[PDB]
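Everything in the sequence shown is counted per the authors' numbering, starting at 1 for the first residue and increasing by one.
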Amino acid sequence: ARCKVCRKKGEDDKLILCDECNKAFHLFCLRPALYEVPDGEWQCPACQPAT
Ligand SMILES: [Zn+2]
Ligand SMILES: [Zn+2]
Numbered sequence: 001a002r003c004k005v006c007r008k009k010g011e012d013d014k015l016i017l018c019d020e021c022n023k024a025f026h027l028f029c030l031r032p033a034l035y036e037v038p039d040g041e042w043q044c045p046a047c048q049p050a051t
């Protein structure tokens, strides 16, 4: 629907909000390999650890 990165409707698969700071993100825009929901990484790249 919408996503704070691209701000575009198209790849409207299974969007994910970051729990911490409520940024709406596509699984694509979060991580290009990611297509299914991470029931754990309820995060966005900034919040996700450098590991
Ligand atoms: Zn997006
Ligand atoms: Zn975040």
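Note that CB positions come from ideal geometry on N, CA and C, so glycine has one too.
Below 7 Å, is the gap between the Cβ of residue i and the nearest heavy atom of ligand 2?
| i | result |
| --- | --- |
| residue 20 | yes |
| residue 57 | Look at the range of the chain in this structure, 1 to 51, and you will see that residue 57 is not part of it. |
Rounding to the nearest angstrom, what Cα-Cα distance links residue i and residue j in this structure?
| i | j | result |
| --- | --- | --- |
| residue 24 | residue 48 | 14 Å |
| residue 8 | residue 26 | 10 Å |
| residue 34 | residue 6 | 16 Å |
| residue 51 | residue 10 | 31 Å |
| residue 3 | residue 40 | 20 Å |
Would you check whether ligand 1 has a heavy atom nearer than 7 Å to the C-beta of residue i?
| i | result |
| --- | --- |
| residue 3 | yes |
| residue 44 | no |
4 or more residues per run - each alpha helix (DSSP H) lying fully within the stretch 8-39: 27-30
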